[PDB]
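> The structure follows.
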Amino acid sequence: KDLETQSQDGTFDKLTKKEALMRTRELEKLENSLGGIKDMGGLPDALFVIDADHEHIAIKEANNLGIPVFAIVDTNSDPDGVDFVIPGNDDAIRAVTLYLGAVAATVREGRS
Amino acid sequence: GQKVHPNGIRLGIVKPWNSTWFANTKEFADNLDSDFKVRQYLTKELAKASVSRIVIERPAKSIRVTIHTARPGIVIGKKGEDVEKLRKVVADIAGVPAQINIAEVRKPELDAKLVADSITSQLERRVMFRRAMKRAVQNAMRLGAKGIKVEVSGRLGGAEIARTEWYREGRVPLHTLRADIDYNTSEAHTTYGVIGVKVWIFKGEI
RNA sequence: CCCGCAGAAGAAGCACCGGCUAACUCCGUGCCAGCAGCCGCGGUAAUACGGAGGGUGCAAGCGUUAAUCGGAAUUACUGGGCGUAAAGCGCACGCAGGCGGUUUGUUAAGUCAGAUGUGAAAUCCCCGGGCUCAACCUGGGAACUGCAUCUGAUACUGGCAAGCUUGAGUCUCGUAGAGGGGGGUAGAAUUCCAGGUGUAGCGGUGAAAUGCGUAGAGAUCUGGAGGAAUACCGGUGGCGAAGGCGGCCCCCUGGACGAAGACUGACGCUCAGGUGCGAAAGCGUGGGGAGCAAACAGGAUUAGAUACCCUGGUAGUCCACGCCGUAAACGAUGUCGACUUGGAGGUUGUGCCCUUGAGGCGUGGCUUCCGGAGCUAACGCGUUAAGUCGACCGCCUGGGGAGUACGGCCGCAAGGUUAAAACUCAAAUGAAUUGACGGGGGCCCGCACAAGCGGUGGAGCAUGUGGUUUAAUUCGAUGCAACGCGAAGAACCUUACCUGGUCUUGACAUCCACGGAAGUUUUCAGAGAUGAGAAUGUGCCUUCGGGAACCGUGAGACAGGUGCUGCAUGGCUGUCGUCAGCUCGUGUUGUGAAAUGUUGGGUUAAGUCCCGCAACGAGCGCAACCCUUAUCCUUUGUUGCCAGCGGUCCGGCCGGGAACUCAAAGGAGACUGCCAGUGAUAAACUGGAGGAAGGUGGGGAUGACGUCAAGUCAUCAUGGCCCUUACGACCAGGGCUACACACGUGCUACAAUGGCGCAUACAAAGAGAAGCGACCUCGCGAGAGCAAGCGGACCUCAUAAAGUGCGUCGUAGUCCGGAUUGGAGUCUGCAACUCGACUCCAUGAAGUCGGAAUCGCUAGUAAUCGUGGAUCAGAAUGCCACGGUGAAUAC
């Protein structure tokens with residue numbers, strides 16, 4: 001949250017450009033992976049996922065603090081740990097944006 | 001057994017000297033023991049005021065002294081009269097008139113020596129070292145000090161083969177010249193042998 | 001049993017107190033004494049030994065030893081095991097024995113319910129009761145887990161009778177197969193032997209020799225004789241109970257698998273003992289004998305080499321018939337059977353669709369690797385289990401002793417088989433983790449090697465160490481990481497040692513008393529320490545009968561020690577190593593020791609950087625921030641400077657100037673910032689550009705966690721212990737410098753890109769007041785006399801040397817080399833003998849480029865030249881700094 005703000009109006013250039021550059025990458029580096037959680041805070045209430053294997057680290061973790069998961073397991077994966085096992089395909093794209101599109105609907109109602 | 005005196009190579013970069021005066025080849029040595037003579041004086045007489053460093057400056061051949069200690073009162077007693085007894089004795093073995101100025105150490109548990117001091121007494125009176133050691137470390141840690149590293153040599157605990165403990169917190173960048181790292185020893189010569197204390201404190205930033 | 005009398009009065013110990021296991025300190029002793037059930041204590045600071053205090057427990061007892069059970073689920077019926085820990089027979093047929101599919105009837109053995117008798121009493125248990133309670137006695141009940149009989153119940157099990165088909169087995173038909181025995185047989189090679197040819201080697205080894213060959217080998221061709229083995233096919237292929245089984249052909253013969261049916265109708269599963277089989281080596285009788293080859297022979301290798309290597313070579317292996325019966329006879333996994341998610345091959349039958357085209361879809365046998373649940377100590381097993389059960393057998397019960405002895409059985413024999421005990425040790429094992437190591441592997445680095453340059457070791461000399469001698473040749477360091485080291489400097493001093501002379505509350509400190517200033521000056525005996533004297537001063541505050549100073553005597557607490565212990569310490573140091581690593585938190589995996597992170601693809605000087613990845617972060621490190629060197633700018637211009645101009649005794653000597661050198665503070669500048677290529681669009685490497693400098697520009701400081709119980713108790717501090725009319729103190733002379741020896745570290749050499757003389761050029765940095773010391777003067781010179789000047793960009797040290805030019809020298813032990821000695825002198829300093837430095841003259845050795853072995857160095861470095869400094873009165877070729885000249889080589 002530091003870097004993300006500093007780079008565009010805040011603290012980004014009180015140093016040498018290439019050196020001040022290094023923090024920029026860290027900002028993107030932080031943006032690249034951790035970016036999607038910034039807002040989250042605390043801990044989840046649900047952990048929808050697209051696959052079970054490719055993210056096998058989720059199930060063994062998410063089902064460890066109990067956060068309810070929602071997994072589209074291919075006919076290749078292992079549903080064991082997943083809460084609401086949804087048969088389907090991971091390896092597609094028109095299918096997955098349907099799933100997202102499927103979840104996209106009622107998530108838009110929940111807000112209340 | 002090879003690290004340079006961390007206060008050493010910082011003289012001029014950060015740390016100002018403990019003596020500030022001038023001389024020439026004739027008297028330079030002559031000055032050294034005398035000012036060492038007063039250092040020998042106060043160090044013996046002022047355990048109980050918790051002295052950290054004494055600053056010597058020779059102005060126009062009329063010595064000036066500063067006492068870096070915890071209790072500006074307890075060195076002077078009441079009305080400050082007591083230090084007058086301390087003022088003139090100083091000059092005598094020095095040779096020139098002396099006004100003896102004094103500086104109160106604000107974060108008592110932050111100067112190395114005083115911290116290293118406290119350890120000695122607690123360790124000097126048969127009290128468990130770790131119960132104080134890590135208590136000592138944790139102390140200035142939350143009083144605000146980026147890093148602390150104490151180290152005790154000796155035959156700790158009334159042992160029979162010597163070894164060394166230590167401890168570390170925060171940062172103690174002993175290669176960064178830019179840093180401020182207070183440092184002092186204050187050995188402990190208890191009933192059983194002599195045991196040492198080294199403390200590194202990254203008190204400052206530049 | 002009851003009552004009265006007397007008084008606190010007649011009555012408290014034993015073990016242990018390190019963990020086990022309740023309860024600890026002190027002293028004594030020093031691997032002694034001793035303790036002890038176990039594990040273990042005892043090396044001068046023992047909670048464990050002996051005493052002491054105190055504590056803990058139990059109590060008229062307490063402990064010790066002995067004995068049984070427990071703990072021990074280490075004999076496991078309850079309630080153990082067997083892939084590797086102890087342990088599945090090597091394998092098979094199979095009698096006794098155990099166990100047995102499914103249906104109905106029956107019987108009533110087992111089983112089961114009720115009853116009956118007997119199950120002696122006391123004892124054990126339950127409610128009581130009786131001795132004041134208790135123990136003890138005792139009433140009544142329960143129980144005495146049982147046995148026999150009567151009466152039944154009939155599920156399950158058994159007997160018996162009758163079935164049934166899944167289990168099991170027979171037949172019909174094919175299919176594959178190194179299954180087994182016998183009897184032929186073919187090609188290739190091996191050696192042999194006879195001919196032809198033809199000629200000096202052949203064979204062999206790390207390199208050789210043994211051996212074979214001019215009575216002609218080896219080579220090549222032709223041919224014959226033999227013996228044993230079957231290339232290629234050949235394959236984590238096949239076949240067999242297991243051992244094991246391989247060219248082709250034929251005869252004899254076992255097992256397996258599949259089809260659609262047929263048929264008996266539980267005929268089963270296993271099995272101590274028993275019978276049979278059963279690699280290799282070996283035994284016996286008799287055949288064979290090419291190759292291989294125990295044993296042995298010879299040659300080598302080695303320190304030795306009854307081996308590893310080489311040339312040969314007997315038995316043996318090969319065949320027949322007997323024998324032996326053991327093997328890591330090992331998927332280290334008993335046999336039979338049921339069941340329990342998948343994936344991919346292989347091999348061999350068979351059904352169907354399209355063989356419509358190497359196919360596609362089923363259904364069976366056997367087999368190979370990886371894997372899930374689950375299981376196991378983990379490692380791994382995983383539908384062919386080590387999973388889930390059931391039947392039967394074998395086998396285990398610490399290690400060694402010992403698979404042995406004894407006896408039995410077997411054997412021609414070697415031996416096999418069945419198989420103890422005493423005694424002895426508290427361990428022996430298994431799997432797995434972290435490191436370390438490897439004459440294991442891969443990758444990467446450093447003057448580590450290689451390529452060069454120059455030294456070492458040979459010589460003399462200076463210096464340090466071992467050895468040796470000594471009155472003493474102090475003490476310490478003494479693999480790299482001691483050895484020109486502590487020592488940045490021993491004639492005296494230093495000095496710690498030696499002989500002799502002496503002192504002892506003292507040479508140095510605090511504290512007490514008196515006489516008395518402190519100090520000043522001076523003689524004799526004496527090596528000196530001291531002893532014995534002779535004069536002068538009488539001084540600061542007045543409590544003033546004294547101060548406070550300072551000298552002496554006197555008294556005692558003490559003082560003093562460079563005395564032993566760096567293995568009781570602190571502090572400081574070397575070092576692996578400027579090596580790039582070392583760790584932690586949080587989370588995850590694992591029962592756990594731990595792991596991951598920190599690995600990997602690349603990349604770098606670097607766990608530096610990017611990416612990926614059960615990791616995300618962090619600390620200490622690397623780098624950076626500090627010094628200095630390289631280019632440039634702003635201020636200032638002296639004691640330093642001299643450009644353009646005046647004067648010039650042309651020399652910054654004088655005005656004078658403020659540009660340049662330079663001096664010094666403060667800024668700039670190098671960041672892979674720009675360009676191209678290569679590269680995973682990444683980091684990054686490569687080359688160019690500008691630039692003084694280009695890839696951490698050069699050099700330095702800064703040395704991680706730890707290792708070495710590495711140094712040092714003598715710099716210092718220091719617990720201990722230690723000595724104290726001395727291991728402490730003061731003095732003189734001596735040693736620390738000794739010299740049959742040996743080593744390390746340097747200096748100068750052996751010469752001609754060099755020595756010598758004359759002329760002559762260019763440096764840096766530094767040092768200076770009981771100091772550095774011009775000018776001038778005398779001496780061959782070392783230096784002496786006088787002596788401005790400078791605590792210092794101004795004075796002095798101070799004259800750089802190699803260089804350069806000119807003449808000279810002629811390969812010599814020479815004008816090389818300069819030691820050793822001779823006399824003769826100078827300075828320092830009380831003092832130059834032991835033992836200084838330098839100068840004059842004479843003297844002129846060894847030595848001619850140095851064995852094995854060996855060290856340093858990657859550019860202004862090596863090499864070579866000279867200068868200053870510290871240490872110090874005096875004393876460098878040692879150490880530390882400075883500038884000059886100026887390379888070779890890295891594939």
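Positions of Cβ are generated from backbone atoms using ideal geometry, with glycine treated the same way; all protein chains shown enter the neighbour counts. Coordinate-derived values only; no laboratory data.
> Any chance you could give the angle, 0 to 90 degrees and rounded to 10, that helix A:17-34 forms with the longest Cα principal axis of chain A?
In chain A, helix A:17-34 runs at an angle near 20 degrees to the longest axis.
> Can you give me the Rg/Rh ratio for chain B, using Cα atoms for both radii and the Kirkwood formula for Rh?
0.99
> Relative contact order of chain B: what whole-number percent is it, with Cα pairs under 8 angstrom and at least 6 residues apart?
18 percent
> Given Cα pairs under 8 Å that are at least 6 residues apart, what percent is the relative contact order of the stretch B:132-177?
36 percent
> Excluding B:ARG64 itself, what net charge comes from residues whose Cβ is under 15 Å from its Cβ, given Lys and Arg +1 and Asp and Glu -1?
So the surrounding residues net to +4.
> Another question about this same structure. What residues qualify as long-range amide H neighbours of B:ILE195, i.e. H under 5 Å apart, gap of 5 or more or another chain, H built at 1.01 Å from N?
Residues meeting the amide H criterion: B:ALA188, B:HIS189, B:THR190.
> Relative to 2.2 N^0.38 Å, what does the C-alpha radius of gyration of the stretch A:1-67 come to as a ratio? Two decimals please.
My calculation over the Cα atoms of the stretch A:1-67 gives 1.55.
> Once you have the Cα-Cα distance between A:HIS54 and A:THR106, take 0.36 nm times their residue separation minus that, and quote the gain in nm to one decimal. If you can, show how the numbers build up before the last one.
Numbers: separation 52, 0.36 × 52 = 18.72 nm, distance 2.58 nm.
This chain segment gains 16.1 nm when fully extended.
> Enumerate the amide H contacts of B:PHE202 below 5 Å, restricted to partners 5 or more residues apart or on another chain; note that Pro and chain-start residues carry no placed amide H.
B:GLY147, B:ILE148
> Give the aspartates and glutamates whose C-alpha is closer than 15 Å to that of B:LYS203, dropping any in the same chain fewer than 8 places away, or say none.
Excluding near neighbours in sequence, the set is B:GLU109, B:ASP111, B:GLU169, B:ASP180, B:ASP182.
> Taking 25 °C and 0.890 mPa s as the conditions, I'd like the Stokes-Einstein D for chain A in µm²/s, using the Kirkwood hydrodynamic radius from alpha carbon pairs.
Details: Rh = 16.7 Å.
My calculation gives 147 µm²/s for D.
> Quote to one decimal, in nm, the extra length available between B:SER121 and B:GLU187 on full extension: 0.36 nm per residue of separation minus the C-alpha distance between them. All intermediate terms of the calculation are to be shown ahead of the outcome.
Details: separation 66, 0.36 × 66 = 23.76 nm, distance 0.97 nm.
Contour length minus the Cα-Cα distance gives 22.8 nm.
> How long are the semi-axes of the ellipsoid equivalent to the stretch B:16-106, from square roots of 5 times the Cα gyration tensor eigenvalues, in whole Å, largest first?
In descending order the semi-axes read 23, 14, 11 Å.
> Continuing with this model, one more query. Where does each of B:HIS175, B:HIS5 land when they are ranked from fewest to most other beta-carbon atoms within 10 angstrom?
Fewest-to-most Cβ neighbours within 10 Å comes out as B:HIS175, B:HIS5.
> Given a Förster radius of 35 Å and the C-beta distance between B:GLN99 and B:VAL14 as r, what FRET efficiency does 1/(1 + (r/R0)^6) yield to the nearest 0.05?
Working: r = 28 Å, r/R0 = 0.80.
With a Förster radius of 35 Å, E is 0.80.
> Under 16 Å from a point placed 7 Å out from the Cα of B:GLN138 along the Cα-to-Cβ direction: which residues of the stretch B:170-203 have their backbone N that close?
Only B:170 pass the distance filter.
> What ³J(HN,Hα) values, in whole Hz, does the Karplus curve 6.51 cos²θ - 1.76 cosθ + 1.60 give for the stretch B:127-133 when θ = phi - 60°, with x put for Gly and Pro?
Running phi through 6.51 cos²θ - 1.76 cosθ + 1.60 with θ = phi - 60° gives 9, 3, 5, 4, 4, 8, 3 Hz.
> Would you mind ranking B:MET128, B:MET133, B:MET141 by Cβ crowding within 10 Å, fewest neighbours first?
Going from least to most buried by this count: B:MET128, B:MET141, B:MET133.
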